[PDB]
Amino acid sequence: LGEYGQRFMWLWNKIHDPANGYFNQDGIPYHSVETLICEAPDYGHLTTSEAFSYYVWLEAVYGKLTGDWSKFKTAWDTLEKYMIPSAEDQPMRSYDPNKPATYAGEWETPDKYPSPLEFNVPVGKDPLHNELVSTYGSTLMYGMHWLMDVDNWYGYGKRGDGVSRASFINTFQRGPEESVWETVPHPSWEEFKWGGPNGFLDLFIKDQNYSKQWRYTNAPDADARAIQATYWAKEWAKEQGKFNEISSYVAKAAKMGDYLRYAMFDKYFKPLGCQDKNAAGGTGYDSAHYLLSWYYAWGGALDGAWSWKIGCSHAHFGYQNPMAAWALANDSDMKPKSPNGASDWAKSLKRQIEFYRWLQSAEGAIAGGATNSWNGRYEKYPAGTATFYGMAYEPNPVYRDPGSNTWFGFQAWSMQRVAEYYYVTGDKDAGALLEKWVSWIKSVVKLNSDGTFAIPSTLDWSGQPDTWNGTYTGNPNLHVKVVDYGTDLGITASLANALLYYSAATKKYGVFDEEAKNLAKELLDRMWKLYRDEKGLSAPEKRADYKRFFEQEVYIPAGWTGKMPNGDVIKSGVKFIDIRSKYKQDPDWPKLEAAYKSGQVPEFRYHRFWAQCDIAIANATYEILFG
């Protein structure tokens, strides 16, 4: 191994040293080593399907670089055992594909919840269910639930037992203004053992009566990442004559891909462009946007009296993955077993790439995405709204606190997958898209004289794209603005990765963009010079938002009372920390509390698992492509 592959092995070893504490005792990676953190998960020893995806990717690269596929197989084994709900977790009975769910609106503020079920709103047909049951002989949905309480910190345990590790939980339920700070963490398996008389159900959905039930929520970007990772694992293992070793792992990915088509459908299977909650439901694929939406979700009564499935009407460019889509569409090893799996993915591949191109700003950054459900209630679009196969442009799909596309990290994460795609296929549209985004990137990244660097941290947006008609117009009235800069190391690494794939691609298919490679190499080297530490790499970051631990009110309706597993009482007026009193026993709590009582912005040096993974993988990627 060269210099870069050595950097990978160094960080890999830091990640896998059990004294460093990246993984729990079951081998499940945590969101971060440090427990005091709040940003998407609200505690650092939760974990995410995202973390698991990065774990698979990390070990794929380990296989490439060492010839040893045991790390990859173990990563998948743990993913499947713990993060995919098992048969007993998702006992689905009495599903009706002609009636997939009952509609409820999305609402602008958390105080509008619980959202009423509206029983007359028509819901469309689910065209996947029968095919998948016929294909696999099961109602089991093979996809990751997004959020896990790894060491049962919240107390829900496994299927209501209050004690087991790897406890499925959820948070976000109450629309676009429910920040990470404004949620009520609740179990996926609802037995009424906590919360109120109806457990947590009646904070979120208003119904005439309530039953015990389960539900899970997929994060399609993560599942798609895990597929992307697996594609490279099988390419890299075939190069070594080790295909059969990972053969069964490639099949898991192909199956994950098959179920991940639920992410391609409107929430309530309503036709694209309907702009009316009272319109008739779709009859098949007229409700497919063929994008990786923000989620799919599924549920069932513990009875077996009913079950349900939803997609999502909102798509963010940040979620898309042309590399996974291409693999499922075109690579015979990754072909899903269903009749329509691969064809559906080929449609999604092309729709995705058009989506990215439609959202490309005048400068080259990618704008947020689009919705088939304006305001989350199938409203009529404002006059003058730009559209994409009948979906309305949104600058900040799904969330507004903060705006989902104010985070520059989507640029890197998502464009990295397009750069891999372009590297493999030479697709001209993907190349033209990349060339303009790379041009923007070079103009915004700061390489300081003193050897430091900064990348955009927050973005803001103005205007709209032109309505899509199959070709890119330049979007001269759509603008990005860089609001501030930072040293997010996971994102920096991800951007270097994107730039490396793109550069390698231009060498194969056109004029070698050597500057792109050099910028990538500068970022990776300056980072390595500056930010190594005992557990991997970190850079200081200020978290002024952490005032919200103490100050953020969590909406609870007047008159509703319940309890968390540790006895914390849930009622009107409670703050973030009031329903998470165990935070006060965190090792860093005294530090934060003193910083807060004292008027000062706390500062942290985090080891996020995904970031350490992105770092390792980007350094390895230099070796694989250019060494």
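Counting begins at 1, following the sequence as shown.
Student: Mean CA temperature factor from the deposited coordinates, higher in 207-215 or in 183-191?
Tutor: Mean C-alpha B-factor is greater for 207-215.
Student: Mean C-alpha B factor from the entry: is it higher for 364-372 or for 78-86?
Tutor: Result: 78-86.
Student: Go through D258, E177, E394, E551 one by one and give the residue whose Cα B-factor in the PDB entry is largest.
Tutor: The listed residue with the largest C-alpha B-factor is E551.
Student: Whose CA atom has the top B-factor in the entry, of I579, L65, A51, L46?
Tutor: Checking the PDB record, the top C-alpha B-factor among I579, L65, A51, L46 is at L65.
Student: Comparing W69 with the other modelled residues of its chain, is its CA B-factor in the lowest, middle or highest third?
Tutor: For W69, the deposited C-alpha B-factor lands in the highest third.
Student: Ranked by Cα temperature factor within the chain, is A263 in the lowest third, the middle third or the highest third?
Tutor: Answer is lowest: the recorded C-alpha B-factor places it there.
Student: Which third, lowest, middle or highest, does the C-alpha temperature factor of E354 belong to within its own chain?
Tutor: Bottom third by C-alpha B-factor.
Student: Considering every modelled residue of the chain and its Cα B-factor in the PDB entry, is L140 in the lowest, middle or highest third?
Tutor: For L140, whose C-alpha B-factor we compare with every modelled residue in the chain, the answer is the highest third.
Student: Looking at the temperature factor on the CA atom of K508, which third of the chain's modelled residues does it land in?
Tutor: Its C-alpha B-factor, which the entry lists for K508, ranks in the highest third among residues of this chain.
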